[PDB]
Amino acid sequence: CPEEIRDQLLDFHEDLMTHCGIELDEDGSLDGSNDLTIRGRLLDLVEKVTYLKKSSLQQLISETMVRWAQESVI
Amino acid sequence: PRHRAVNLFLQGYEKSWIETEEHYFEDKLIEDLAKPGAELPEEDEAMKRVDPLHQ
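Residues numbered from 1 in each chain as written, not as in the entry; some residues may be left out. Chains lettered and ligands numbered in written order. Part of a larger assembly, values for the part shown. Heavy atoms only, no water. Residues with missing side-chain atoms left out of burial classes, pairs and counts.

This entry lists cryo-EM as its structure determination method and reports a resolution of 3.5 Å.

Asks: Please provide a residue-by-residue account of the packing of aromatic side chains, values included.
Replies: Residue and element names in this part refer to chain B. As enumerated under the stated definition, the model contains 2 aromatic pairs over all chains in all. Aromatic pair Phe-9 and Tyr-13: ring centres 6.5 Å apart, planes at 75°, arrangement edge-to-face. Here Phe-9 pairs with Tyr-13, and both are found in helix α1 (residues 5–32), just 4 residues apart, close to one helical turn. Exposure remark for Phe-9: the relative accessible area of 22% places this residue in the partly exposed category. Judged by relative accessible area, which is 15%, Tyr-13 ranks as buried. On the numbers, 4.7 Å between centres and 20° between planes, the contact of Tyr-13 with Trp-17 is stacked. Taken together, the positions of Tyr-13 and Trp-17, both in helix α1 and 4 residues apart, correspond to about one turn of that helix. Of the residues examined, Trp-17 reaches a relative accessible area of 52% and is grouped as exposed. (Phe/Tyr/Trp six-rings, centres within 6.5 Å; stacked < 30°, edge-to-face > 60°. Helix = DSSP H or I, 4+ residues; strand = E, 2+ residues; numbered from the N terminus. Buried < 20%, exposed > 50% of the residue type's maximum accessible area, 1.4 Å probe, protein only.)

Asks: Outline the interface of chain A and chain B, listing residues and values.
Replies: The interface of chain A with chain B comprises 17 residues on the first partner and 18 residues on the second. When chain A packs against chain B, close to 1300 Å² is buried across both sides, 61% of that on carbon and sulfur atoms. On the surface where chain A and chain B come into contact, there are 0 salt bridges. Taken together, the links from chain A to chain B amount to 2 residue pairs in polar contact. Contributing elements (two or more residues each) for the side of chain A that touches chain B: α2 (25–28), α3 (39–49) and α4 (56–71) of chain A. Looking at which element gives the most residues to the side of chain A that touches chain B, the answer is α4(A), with 5 residues. (Contact = heavy atoms within 4.5 Å. Buried area = accessible area lost by both parts, 1.4 Å probe. Salt bridge = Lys/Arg side-chain N within 4 Å of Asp/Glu carboxyl O. Polar contact = N/O pair within 3.5 Å; in protein donor to acceptor, adjacent residues only side chain to side chain.)

Here's what the structure looks like:
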């Protein structure tokens, strides 16, 4: 007897899309959140990267670059 | 901890989800600041500068 006798082997034939791809298909199967207890942490870190951090350096660089390009033709 | 496909997954997520918002946001502000108008030429010349975008 197998692990599960639901239909053939497992729930919704986990072997079919588990053995077909592990390095790529398994990682691509995580289409979004509401899958495990780490999706919230992953979303939090993704939002944590995108604060446009530098932000003072980036805004000062943009300001001084506009000032350089605006005073006269170069 | 010996496979790097998680980095590729994060790269795909970055180019998929946040890239659209970044493209929708970054294109406007640069064009708004193309002509701030804060620095007057203060010169007695008729050269009549318009924008650095002309340059």
